[PDB]
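Asks: The structure follows.
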Amino acid sequence: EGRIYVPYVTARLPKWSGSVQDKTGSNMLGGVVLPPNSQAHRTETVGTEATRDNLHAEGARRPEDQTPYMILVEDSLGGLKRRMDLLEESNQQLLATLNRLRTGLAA
Amino acid sequence: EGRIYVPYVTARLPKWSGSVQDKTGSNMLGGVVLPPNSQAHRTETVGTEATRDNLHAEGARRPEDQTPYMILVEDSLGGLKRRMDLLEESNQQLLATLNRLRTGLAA
Amino acid sequence: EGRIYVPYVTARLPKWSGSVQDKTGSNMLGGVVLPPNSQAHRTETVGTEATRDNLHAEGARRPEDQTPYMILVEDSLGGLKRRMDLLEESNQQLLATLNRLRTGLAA
Amino acid sequence: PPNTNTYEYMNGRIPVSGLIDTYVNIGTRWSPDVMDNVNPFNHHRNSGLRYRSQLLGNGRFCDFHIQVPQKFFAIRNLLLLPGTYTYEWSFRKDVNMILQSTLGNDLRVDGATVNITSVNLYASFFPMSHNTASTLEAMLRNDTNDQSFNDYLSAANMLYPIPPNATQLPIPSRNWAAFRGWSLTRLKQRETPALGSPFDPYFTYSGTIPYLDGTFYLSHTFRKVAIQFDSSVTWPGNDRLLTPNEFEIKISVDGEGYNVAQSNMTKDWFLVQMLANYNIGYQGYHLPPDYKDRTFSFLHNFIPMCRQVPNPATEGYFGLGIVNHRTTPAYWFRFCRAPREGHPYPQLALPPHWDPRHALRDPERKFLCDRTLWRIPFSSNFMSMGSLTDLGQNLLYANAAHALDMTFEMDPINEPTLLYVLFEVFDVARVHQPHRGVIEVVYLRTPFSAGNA
Amino acid sequence: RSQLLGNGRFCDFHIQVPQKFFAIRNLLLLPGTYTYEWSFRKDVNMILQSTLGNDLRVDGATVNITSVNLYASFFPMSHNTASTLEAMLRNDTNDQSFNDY
Amino acid sequence: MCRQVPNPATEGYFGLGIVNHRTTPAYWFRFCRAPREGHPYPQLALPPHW
Amino acid sequence: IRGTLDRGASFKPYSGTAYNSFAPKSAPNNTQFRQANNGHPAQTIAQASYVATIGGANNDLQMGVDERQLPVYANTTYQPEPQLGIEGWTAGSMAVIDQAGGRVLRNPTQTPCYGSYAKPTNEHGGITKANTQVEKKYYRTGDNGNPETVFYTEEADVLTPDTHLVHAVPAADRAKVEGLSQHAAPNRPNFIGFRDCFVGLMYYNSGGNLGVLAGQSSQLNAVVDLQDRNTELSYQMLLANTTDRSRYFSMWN
Amino acid sequence: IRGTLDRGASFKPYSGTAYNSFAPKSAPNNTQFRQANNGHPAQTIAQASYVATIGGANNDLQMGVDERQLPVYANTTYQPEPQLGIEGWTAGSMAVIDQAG
Amino acid sequence: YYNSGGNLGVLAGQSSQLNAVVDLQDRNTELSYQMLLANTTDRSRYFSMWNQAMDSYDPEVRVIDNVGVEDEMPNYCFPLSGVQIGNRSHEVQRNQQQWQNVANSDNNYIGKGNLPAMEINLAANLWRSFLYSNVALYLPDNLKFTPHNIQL
């Protein structure tokens, strides 16, 4: 492709933070505070400063990182993965069928 | 991925327009003037200033927007979609076959 | 998508070179010096200044260009291609099976 | 082979004679849109290259012997005085830079090799009388008579990457003084070797290098250019052009018809080019005198062309599928190359563009201007009234420093390219020779003394 | 000139016609308003040309003018200088003179 | 002007006898002028220079 | 500057070919294919076109009587020559040839006569090749008992430089009857040589290899270059302004 | 000036033709004349030059087996195409075509 | 319009109202302009803007320079085979008889003689085609004749 990352003069950084996306990141005790961006972050909310568990669409503190959310290349990456899985499933079915047929014939 | 859009200092905008791609966009009455870029745009052309319909490779004013053209992530997005469709088709076939076999056996 | 490449103020170029990636590029006589980036490039190495053939993971001077390496959109592009191939293979199998069955029945 | 830069590959690929048969655009002086972005110099009809080739022979192996001249301006026409000097210089060996091929295939992979055995330096001295020669020296050794030269091009070379399919391209930079003018074109990354480094590992090309020989051919791929100082004051402003907010090189939709020369080039751009090259425009447009029309001039390379094509939204004419295209059957071939195949039958491809059987069509204009550079002199009237323009001597610039911002809008291409800009300046240098075997030179390129920061 | 318009029977042209009358070709008008009018033929057999010279008027040859504009380029001469130049060119002793070639 | 020629003291390339020179046979002719004479066959005259 | 140059194998300073350029890009040479396999060994396809020929015995094609009574026979190594043949258009064909002679290749990899070349092996030019074997195959018409056409089969170092296969019918099993259908086409012309004004042969605008030119006593280099400047292009434009950039001057290439 | 132009039907910006320019100026297409009248209706003069062709049943010219067991048939609307044909010069003729189209 | 009192162009100051353009159908502006250009510039180059492309003719057409035709060499066209196939040979051994069959496969193809070819004076044709298309079709109508069975 001959595409030279990265041309764009760089930012110099955010300082105040939360720059990255779907880092996910965790709180205190807490755990699971959602990747900057997403609806949960937009809404001013209360009760998350000092308590664990999930009070958002995504949660439990058990599963992370960097949640694959919305649609990026990753969604295509996630979508691509899904497609691959579907293809694999289809292949299995076919195989099974064939086998059965053979058996029958033999009998 | 932790990829912070967008670092690159921003443009400040084009002003003179037509910046976006495959917006498609429509004319007058017209309709269908092709997304900036593509061969149609490069060629100096006449007859499009005051008349509708398509006098380009892409047309009719019935179908738009933002035509999925050439190859981007979308082509992969389009390509991915095509692949998925193919997989689905393959799955159908298999199923059919199986059914037939079963029937036969029963008989 | 209406995504106006390219907003980011441009680089002005590297000058000293090797900016592009997986260009692959070839040496002298040589041939095959690996796309800037990749492990081979990082390691200071000797014996490549004046001699052909591959003394790297990738080689022979027969195959190039711009090797599809690691994971980019291309890997998805490569991955997508692989998925498509798999789907095609699955479809073939199915077909075969069907045919066989039919034959049997007839007999 | 895998390498698409190999001779075998370019010699194996089979093109379809259908895409360019004796009936293509019958009746026009139009060039295939698929070739407008293809280096026309990398052709086997390049008299220039073909000459040098035979100048060495027809054999693969050949013991050459040439004379290389000095091109560095600072010392080209210099007149050294008595004394001894150390004159050293390096020479490349990269076949892909010293050699050139019509196809531009990677010579480095096609077994292309060169070898230098010996190198000598010749110098001719005028048999000038010692008496006179002595007097001349005495004078040339006075600071009041120091020799001074200046690169002919005189301009800082800049290169900005243009991502594939990109359309807009902004470029930030700032000059503390006043230069002469702008000059620019467009080059293909693959055809541009990364200079500065004693070797380019990613340079798999051997065709003509527009960046050096000056074989440009992508100036017809620009739409508009916008210049602004201090990110606010547009230049030239003052409502000079029909479109005071920018320089529209070409328009797609006529609208008003700011196009001239029966092409797609605006009237404003045409005027500018004429003034910056022949100072012609304020008193009628006429073919300038021959001595001013060199291979690197504008008009000399300007070639407008038009053609009509069957309008797609006219009637049920359908799409002439290249896989169904049949013309001169039984005498033609689908993979067009092999012998004759088919059966005599009334063809169908290529719809009529005349005669009572003519179907509704549509006009299409464009142009080409190769081996040339777009100019935008930094003068109040765009005319050349001296090396040191008037604006380049205006207090507004010499007094305070400003910031520059240009925005180039060009046609999308399916490959990495570059925006070759040329900030015309004053690259002058004085040579002072006080004593025997002593050379003191003083360079000075303003603006852009030593880069920008 | 033929190919300069295209190869199609139908073609939307766009040209620039210069002034040929000597009395006003290289004339140098001064500030003020003037009425500049002129007519244009439409006879295909005079505006157009053919290799065979066949009667175009009978061979279905037709032309149509949609719009016509007048362009004029002025030198961005300083008002101070331009003013002086005018003062001089307005004296009978400096009247411009031309002559058909 | 320059040109390369098969060096006579290189390898066993022998001397291309003008009386044995055959190129485009059956379409060519020994006294080259009259009609076509011979039979299509891999020629030999003029050694490769690349 | 003096030295050796190797344009490589990709150097083709011309279009078309220099080997049987008038030969149809489909017409094959004397190939002895095989009849779709089975139990049909060999199979000749050629033409015996040699000047008359008194007779033809076990020895071979008689070229005369070697001055006097003793009948002379064609020298296998080069006779008959694929150049020779009857002189009469109709007089030659209408007269009919009782004893004809030709030369043919046996079991080689078929290749269109277009651009076919081989290396010589004798003062006779003949391309007999390393294999000393040569077979004088006698043919009849089917009911007559006499060598109407004598063929001197041989193997050649057949190859193709300025030509490639434009149409390859079968991949493998090529040397069969269906293979001769293959066609050839000349390789694209590729000229190679030193650029204009030898641009690039010398380093310019590169701090890495900046040229030096100073007095031994001064030691202070008078050549200050910047990778920002462009000497190469500068020189080009300069010439196009002082002279007619259309003429040629070998010295400066 | 801007407008529309109609070069008429007498406009031919080129020599020769753009339709079967290699076709003999005497060789006719697939014509089905009549035999000097009498009681001889129709009469075909042409040529069947199509790539092999497995067979030929009531359906039409078989172009293969449409992937698998079912034999595919040429689409009347455009098959066979007057562009297709055997690849071999002698190999094609010497082999003989049993089923031509 | 030029030199036509019927459609004389106007160019006068609104205040003056006195037309400054006085034309006479006796003068010829058109031609005058032509000659003018051929004296100040090279009337051989082209300039789209003014559609300036002086008319000219091919020197070889105006004055025929029949220098003959270089056709010392005969040109031939050979079959796509390189030899017409029509008969089959049969490699047979002598002695013991009159000549015994080979048995090793049969039916070959050998042409006794040269390759059947057709001749055509290439260079000649081109010369003739040139003439007829550049001077024959342009001869005065008086030297022509209406084709056979054709409505005109």
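Residue numbers start at 1 in each chain; chains themselves are named A, B, ... in the order of the structure tokens; ligands are numbered from 1 in the order shown.
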With 6 Å as the cut-off and only C-alpha atoms counted, what is the closest atom pair between each nearby residue of chain D and chain C? Distances in Å to one decimal, ordered by chain and number, as CSV.
Replies:
residue,atom,partner,partner_atom,distance
D:2,CA,C:63,CA,4.9
D:3,CA,C:64,CA,4.9
D:108,CA,C:28,CA,5.3
D:109,CA,C:31,CA,5.9
D:159,CA,C:12,CA,5.5
D:160,CA,C:12,CA,4.4
D:166,CA,C:5,CA,5.1
D:168,CA,C:6,CA,5.9
D:170,CA,C:9,CA,5.7
D:194,CA,C:17,CA,5.5
D:196,CA,C:16,CA,5.5
D:197,CA,C:16,CA,5.2
D:201,CA,C:25,CA,5.3
D:202,CA,C:25,CA,3.9
D:204,CA,C:25,CA,5.9
Asks: Using DSSP on the backbone coordinates, identify the residues of chain E assigned to strand (DSSP E); present them as a list in words.
Replies: residues 10, 11, 12, 13, 14, 34, 35, 36, 37, 62, 63, 64, 65, 66 and 67 of chain E
Asks: Once you have the residues from the selection above, write them out as an mmCIF file, in the first residue's frame, restricted to C-alpha atoms.
Replies:
data_model
loop_
_atom_site.group_PDB
_atom_site.id
_atom_site.type_symbol
_atom_site.label_atom_id
_atom_site.label_comp_id
_atom_site.auth_asym_id
_atom_site.auth_seq_id
_atom_site.Cartn_x
_atom_site.Cartn_y
_atom_site.Cartn_z
ATOM 1 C CA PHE E 10 -24.394 17.106 -32.496
ATOM 2 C CA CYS E 11 -22.032 19.287 -30.476
ATOM 3 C CA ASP E 12 -22.379 22.105 -27.963
ATOM 4 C CA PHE E 13 -19.636 24.548 -28.938
ATOM 5 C CA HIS E 14 -18.133 27.489 -27.062
ATOM 6 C CA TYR E 34 -19.837 53.242 -24.902
ATOM 7 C CA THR E 35 -22.432 51.286 -26.855
ATOM 8 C CA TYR E 36 -20.734 48.292 -28.470
ATOM 9 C CA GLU E 37 -23.092 46.417 -30.792
ATOM 10 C CA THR E 62 -28.113 23.892 -38.615
ATOM 11 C CA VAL E 63 -26.610 26.161 -35.957
ATOM 12 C CA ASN E 64 -28.101 27.849 -32.900
ATOM 13 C CA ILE E 65 -26.801 30.661 -30.705
ATOM 14 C CA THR E 66 -27.904 30.509 -27.066
ATOM 15 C CA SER E 67 -25.937 33.305 -25.394
#
Asks: I want to know what sits within 12 Å of residue 88 in chain H, based on only C-alpha atoms, with residues of the same chain fewer than 6 positions away left out; could you give that as a PyMOL selection string?
Replies: (chain D and resi 338-341) or (chain G and resi 26-27+167-170+177-183) or (chain H and resi 51-52+94-97) or (chain I and resi 80-81)
Asks: Tell me as a PyMOL selection string which residues belonging to chain E come within 12 Å of chain H, counting only C-alpha atoms.
Replies: chain E and resi 1-18+40+42+44-45+47-71
Asks: Kindly save the residues from that selection, with N, CA and C atoms included, as a short mmCIF file (atom, residue, chain, number, x, y, z; two decimals), in the first residue's frame.
Replies:
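Saved the output as selection06.cif:
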data_model
loop_
_atom_site.label_atom_id
_atom_site.label_comp_id
_atom_site.auth_asym_id
_atom_site.auth_seq_id
_atom_site.Cartn_x
_atom_site.Cartn_y
_atom_site.Cartn_z
N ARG E 1 -9.54 22.02 -36.85
CA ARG E 1 -10.70 22.70 -36.29
C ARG E 1 -11.87 21.73 -36.17
N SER E 2 -11.98 20.81 -37.12
CA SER E 2 -13.06 19.83 -37.10
C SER E 2 -13.01 19.05 -35.80
N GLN E 3 -11.93 18.31 -35.59
CA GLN E 3 -11.76 17.52 -34.38
C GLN E 3 -11.77 18.41 -33.14
N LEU E 4 -11.51 19.70 -33.34
CA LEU E 4 -11.48 20.65 -32.23
C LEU E 4 -12.88 20.80 -31.63
N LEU E 5 -13.89 20.33 -32.35
CA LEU E 5 -15.27 20.39 -31.88
C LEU E 5 -15.74 19.00 -31.48
N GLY E 6 -15.15 17.98 -32.10
CA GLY E 6 -15.52 16.61 -31.80
C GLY E 6 -15.78 15.79 -33.04
N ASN E 7 -16.28 14.57 -32.86
CA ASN E 7 -16.57 13.68 -33.98
C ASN E 7 -18.07 13.45 -34.11
N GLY E 8 -18.83 13.93 -33.14
CA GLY E 8 -20.27 13.75 -33.18
C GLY E 8 -21.01 14.78 -34.01
N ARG E 9 -22.10 14.35 -34.63
CA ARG E 9 -22.93 15.22 -35.46
C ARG E 9 -23.39 16.40 -34.61
N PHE E 10 -23.92 16.09 -33.43
CA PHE E 10 -24.39 17.11 -32.50
C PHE E 10 -23.24 17.51 -31.59
N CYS E 11 -23.10 18.81 -31.34
CA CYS E 11 -22.03 19.29 -30.48
C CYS E 11 -22.32 20.68 -29.93
N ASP E 12 -22.16 20.83 -28.62
CA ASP E 12 -22.38 22.10 -27.96
C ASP E 12 -21.04 22.84 -27.93
N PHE E 13 -20.87 23.79 -28.85
CA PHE E 13 -19.64 24.55 -28.94
C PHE E 13 -19.55 25.70 -27.94
N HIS E 14 -18.40 26.36 -27.94
CA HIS E 14 -18.13 27.49 -27.06
C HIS E 14 -16.82 28.10 -27.53
N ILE E 15 -16.91 29.19 -28.28
CA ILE E 15 -15.73 29.84 -28.83
C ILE E 15 -15.60 31.31 -28.47
N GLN E 16 -14.44 31.88 -28.82
CA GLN E 16 -14.16 33.29 -28.57
C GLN E 16 -13.82 33.97 -29.89
N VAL E 17 -14.65 34.92 -30.30
CA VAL E 17 -14.43 35.63 -31.55
C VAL E 17 -13.79 36.99 -31.29
N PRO E 18 -12.61 37.24 -31.88
CA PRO E 18 -11.90 38.51 -31.72
C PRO E 18 -12.42 39.60 -32.66
N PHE E 40 -24.17 38.92 -36.03
CA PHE E 40 -23.52 37.65 -36.33
C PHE E 40 -24.38 36.82 -37.28
N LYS E 42 -25.68 33.40 -39.44
CA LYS E 42 -26.17 32.11 -38.98
C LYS E 42 -26.18 31.13 -40.15
N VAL E 44 -25.13 28.53 -42.25
CA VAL E 44 -24.19 27.43 -42.11
C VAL E 44 -23.11 27.44 -43.19
N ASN E 45 -23.50 27.80 -44.41
CA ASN E 45 -22.58 27.83 -45.54
C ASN E 45 -21.53 28.94 -45.47
N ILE E 47 -20.57 30.20 -41.92
CA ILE E 47 -19.97 30.07 -40.60
C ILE E 47 -19.23 28.74 -40.52
N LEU E 48 -19.72 27.76 -41.28
CA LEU E 48 -19.12 26.43 -41.30
C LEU E 48 -18.38 26.18 -42.61
N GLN E 49 -17.53 25.15 -42.61
CA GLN E 49 -16.76 24.79 -43.79
C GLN E 49 -16.68 23.27 -43.90
N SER E 50 -16.70 22.77 -45.13
CA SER E 50 -16.63 21.33 -45.37
C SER E 50 -15.53 21.02 -46.38
N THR E 51 -15.02 19.80 -46.34
CA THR E 51 -13.97 19.38 -47.25
C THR E 51 -14.47 19.22 -48.68
N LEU E 52 -15.70 18.76 -48.84
CA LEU E 52 -16.27 18.57 -50.17
C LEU E 52 -16.94 19.84 -50.69
N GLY E 53 -17.27 20.75 -49.77
CA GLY E 53 -17.91 21.99 -50.16
C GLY E 53 -19.36 21.81 -50.56
N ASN E 54 -19.96 20.72 -50.11
CA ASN E 54 -21.35 20.43 -50.41
C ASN E 54 -22.26 21.45 -49.74
N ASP E 55 -23.43 21.69 -50.33
CA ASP E 55 -24.38 22.64 -49.78
C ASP E 55 -24.90 22.16 -48.44
N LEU E 56 -24.35 22.71 -47.36
CA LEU E 56 -24.74 22.34 -46.00
C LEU E 56 -26.20 22.68 -45.71
N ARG E 57 -26.67 23.78 -46.28
CA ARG E 57 -28.03 24.24 -46.07
C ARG E 57 -29.06 23.20 -46.51
N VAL E 58 -28.70 22.37 -47.48
CA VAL E 58 -29.60 21.34 -47.97
C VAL E 58 -29.32 19.99 -47.31
N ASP E 59 -28.12 19.84 -46.75
CA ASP E 59 -27.75 18.60 -46.09
C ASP E 59 -28.09 18.61 -44.60
N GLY E 60 -29.13 19.36 -44.24
CA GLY E 60 -29.55 19.43 -42.86
C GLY E 60 -28.54 20.02 -41.89
N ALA E 61 -27.85 21.07 -42.32
CA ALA E 61 -26.85 21.72 -41.47
C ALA E 61 -27.52 22.88 -40.74
N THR E 62 -27.49 22.84 -39.41
CA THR E 62 -28.11 23.89 -38.62
C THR E 62 -27.26 24.32 -37.42
N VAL E 63 -27.35 25.60 -37.08
CA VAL E 63 -26.61 26.16 -35.96
C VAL E 63 -27.57 26.96 -35.09
N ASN E 64 -27.24 27.11 -33.81
CA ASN E 64 -28.10 27.85 -32.90
C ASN E 64 -27.30 28.55 -31.81
N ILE E 65 -27.49 29.86 -31.71
CA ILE E 65 -26.80 30.66 -30.71
C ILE E 65 -27.68 30.82 -29.47
N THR E 66 -27.16 30.42 -28.31
CA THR E 66 -27.90 30.51 -27.07
C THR E 66 -27.61 31.80 -26.32
N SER E 67 -26.33 32.09 -26.10
CA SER E 67 -25.94 33.31 -25.39
C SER E 67 -24.62 33.86 -25.92
N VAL E 68 -24.43 35.16 -25.75
CA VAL E 68 -23.21 35.83 -26.20
C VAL E 68 -22.81 36.89 -25.19
N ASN E 69 -21.56 36.84 -24.75
CA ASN E 69 -21.06 37.80 -23.78
C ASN E 69 -19.82 38.50 -24.31
N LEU E 70 -19.45 39.61 -23.68
CA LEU E 70 -18.28 40.38 -24.10
C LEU E 70 -17.27 40.50 -22.96
N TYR E 71 -16.06 40.00 -23.20
CA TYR E 71 -15.01 40.06 -22.19
C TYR E 71 -13.97 41.11 -22.56
#
Asks: Would you return as a count of residues only the members of range 21-63 of chain C that DSSP assigns to helix (DSSP H, G or I) on this structure's backbone?
Replies: 4
Asks: What residues in chain H lie within 7 Å of chain D, counting only C-alpha atoms, written as a ChimeraX atom specification?
Replies: /H:9-14,18-23,29-30,47,49,82-85
Asks: Go ahead and save the residues from that selection, with C-alpha atoms, as a compact mmCIF listing (two decimals), in the first residue's frame.
Replies:
# COMPACT_ATOMS: atom_id res chain seq x y z
CA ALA H 9 -25.82 13.83 -41.70
CA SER H 10 -23.17 14.74 -44.27
CA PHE H 11 -20.58 14.83 -41.49
CA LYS H 12 -18.03 12.00 -41.70
CA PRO H 13 -14.79 12.95 -39.87
CA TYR H 14 -12.76 10.03 -41.25
CA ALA H 18 -15.74 1.64 -38.40
CA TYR H 19 -17.63 -1.60 -39.01
CA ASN H 20 -15.82 -4.78 -40.09
CA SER H 21 -13.06 -2.80 -41.80
CA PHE H 22 -11.14 -6.05 -42.35
CA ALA H 23 -14.13 -7.77 -43.92
CA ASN H 29 -22.89 -11.60 -43.80
CA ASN H 30 -25.11 -14.58 -42.94
CA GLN H 47 -20.65 -20.95 -41.27
CA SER H 49 -17.69 -21.68 -36.04
CA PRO H 82 -19.85 -14.57 -33.77
CA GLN H 83 -16.59 -13.82 -31.95
CA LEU H 84 -15.94 -17.25 -30.44
CA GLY H 85 -14.42 -20.22 -32.23
Asks: Using only C-alpha atoms, which protein or nucleic acid residues come within 12 Å of residue 435 in chain D? Drop anything in the same chain fewer than 2 positions from it, and give the result as a short mmCIF file (atom, residue, chain, number, x, y, z; two decimals) with C-alpha atoms, in the first residue's frame.
Replies:
data_model
loop_
_atom_site.label_atom_id
_atom_site.label_comp_id
_atom_site.auth_asym_id
_atom_site.auth_seq_id
_atom_site.Cartn_x
_atom_site.Cartn_y
_atom_site.Cartn_z
CA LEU D 80 39.53 29.37 -10.59
CA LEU D 81 42.88 31.12 -10.26
CA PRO D 82 46.44 29.76 -9.85
CA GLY D 83 46.92 27.35 -6.95
CA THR D 84 46.12 23.78 -5.93
CA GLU D 137 44.49 37.33 -11.81
CA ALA D 138 45.53 40.49 -9.96
CA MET D 139 42.10 41.98 -10.66
CA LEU D 140 39.97 38.90 -10.00
CA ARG D 141 41.61 38.64 -6.58
CA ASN D 142 39.95 41.85 -5.39
CA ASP D 143 36.77 41.59 -3.32
CA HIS D 432 36.04 35.33 -3.23
CA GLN D 433 39.64 34.38 -4.01
CA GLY D 437 44.88 28.30 -3.56
CA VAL D 438 42.19 29.90 -1.39
CA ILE D 439 38.48 29.80 -2.21
CA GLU D 440 35.98 31.54 0.06
CA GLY G 215 42.21 24.79 -1.68
CA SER G 217 45.80 25.52 2.17
CA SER G 218 42.26 26.70 2.91
#
Asks: Using only C-alpha atoms, which of E:46, E:28, E:82, E:89 sits nearest chain D?
Replies: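 Checking each candidate against chain D, we get E:28 as the closest.
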Asks: Dump as a tab-separated table the rows for residues of chain G within 6 Å of chain F: closest atom pair and distance in Å with one decimal, only C-alpha atoms counted, ordered by chain and rising residue number.
Replies:
residue	atom	partner	partner_atom	distance
G:9	CA	F:50	CA	5.9
G:20	CA	F:24	CA	3.7
G:29	CA	F:41	CA	5.0
G:49	CA	F:38	CA	5.9
G:82	CA	F:38	CA	4.7
G:83	CA	F:38	CA	4.3
G:84	CA	F:38	CA	5.2
G:85	CA	F:38	CA	5.3
G:116	CA	F:42	CA	4.5
G:117	CA	F:42	CA	4.9
G:118	CA	F:44	CA	5.7
G:125	CA	F:20	CA	5.8
Asks: With N, CA and C atoms retained, could you export that selection as a tab-separated table (two decimals), in the first residue's frame?
Replies:
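Resulting contents of out-v6.tsv:
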chain	number	residue	atom	x	y	z
G	9	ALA	N	19.28	-9.28	-18.95
G	9	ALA	CA	18.60	-10.08	-19.96
G	9	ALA	C	17.31	-9.42	-20.42
G	20	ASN	N	13.10	-15.81	-38.33
G	20	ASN	CA	11.92	-16.22	-39.09
G	20	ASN	C	10.79	-15.21	-38.92
G	29	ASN	N	7.76	-25.71	-36.84
G	29	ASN	CA	8.89	-26.21	-37.61
G	29	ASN	C	8.68	-27.70	-37.85
G	49	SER	N	11.58	-30.37	-49.51
G	49	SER	CA	11.75	-29.41	-50.59
G	49	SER	C	13.22	-29.20	-50.94
G	82	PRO	N	17.77	-26.43	-45.60
G	82	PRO	CA	16.42	-25.86	-45.55
G	82	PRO	C	16.29	-24.53	-46.28
G	83	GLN	N	17.30	-24.20	-47.09
G	83	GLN	CA	17.30	-22.96	-47.85
G	83	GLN	C	17.02	-23.31	-49.30
G	84	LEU	N	17.66	-24.38	-49.76
G	84	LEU	CA	17.53	-24.86	-51.13
G	84	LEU	C	16.11	-25.29	-51.49
G	85	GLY	N	15.92	-25.59	-52.77
G	85	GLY	CA	14.61	-26.02	-53.25
G	85	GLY	C	14.49	-25.77	-54.74
G	116	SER	N	12.28	-19.10	-33.81
G	116	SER	CA	12.99	-20.32	-33.44
G	116	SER	C	14.48	-20.17	-33.76
G	117	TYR	N	15.32	-20.46	-32.78
G	117	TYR	CA	16.76	-20.35	-32.96
G	117	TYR	C	17.51	-21.49	-32.27
G	118	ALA	N	18.66	-21.84	-32.83
G	118	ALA	CA	19.50	-22.90	-32.29
G	118	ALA	C	20.96	-22.55	-32.56
G	125	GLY	N	27.48	-25.33	-40.49
G	125	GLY	CA	26.42	-24.59	-39.83
G	125	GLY	C	25.43	-25.49	-39.12
Asks: Hey, which bits of chain I sit within 6 Å of chain E, and for each residue what's the closest pair of atoms and how far apart in Å (one decimal), counting only C-alpha atoms, rows by chain and increasing number, as CSV?
Replies:
residue,atom,partner,partner_atom,distance
I:1,CA,E:40,CA,5.8
I:9,CA,E:38,CA,4.5
I:10,CA,E:37,CA,5.0
I:11,CA,E:36,CA,4.6
I:12,CA,E:34,CA,5.4
I:13,CA,E:34,CA,4.0
I:14,CA,E:34,CA,5.4
I:32,CA,E:101,CA,5.8
Asks: Those same residues - N, CA, C and O atoms - I'd like them written as a short mmCIF file (atom, residue, chain, number, x, y, z; two decimals), in the first residue's frame.
Replies:
data_model
loop_
_atom_site.label_atom_id
_atom_site.label_comp_id
_atom_site.auth_asym_id
_atom_site.auth_seq_id
_atom_site.Cartn_x
_atom_site.Cartn_y
_atom_site.Cartn_z
N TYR I 1 -20.30 39.84 -39.10
CA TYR I 1 -20.48 40.74 -40.23
C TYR I 1 -19.39 41.80 -40.40
O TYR I 1 -18.98 42.45 -39.44
N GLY I 9 -21.44 47.31 -37.69
CA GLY I 9 -21.29 47.33 -36.25
C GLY I 9 -21.23 48.73 -35.66
O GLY I 9 -20.76 49.66 -36.30
N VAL I 10 -21.69 48.87 -34.42
CA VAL I 10 -21.70 50.16 -33.75
C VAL I 10 -20.79 50.23 -32.53
O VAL I 10 -20.68 49.26 -31.77
N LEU I 11 -20.13 51.37 -32.35
CA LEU I 11 -19.23 51.59 -31.23
C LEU I 11 -19.05 53.08 -30.99
O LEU I 11 -18.11 53.69 -31.50
N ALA I 12 -19.96 53.67 -30.22
CA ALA I 12 -19.89 55.10 -29.93
C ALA I 12 -20.27 55.38 -28.48
O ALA I 12 -20.93 54.57 -27.83
N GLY I 13 -19.84 56.53 -27.97
CA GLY I 13 -20.15 56.89 -26.60
C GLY I 13 -21.62 57.26 -26.48
O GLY I 13 -22.16 57.94 -27.35
N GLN I 14 -22.26 56.81 -25.41
CA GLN I 14 -23.68 57.09 -25.20
C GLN I 14 -23.98 58.58 -25.31
O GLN I 14 -25.05 58.97 -25.78
N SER I 32 -7.85 40.94 -45.07
CA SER I 32 -6.87 41.83 -44.46
C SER I 32 -6.30 41.24 -43.19
O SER I 32 -5.09 41.29 -42.96
#
Asks: Separation of CA of residue 30 in chain G and CA of residue 120 in chain G, in Å?
Replies: 17.3 Å
Asks: State, in Å with one decimal place, the distance from CA of residue 81 in chain A to CA of residue 89 in chain C.
Replies: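 Value for the CA of residue 81 in chain A-CA of residue 89 in chain C distance: 17.6 Å.
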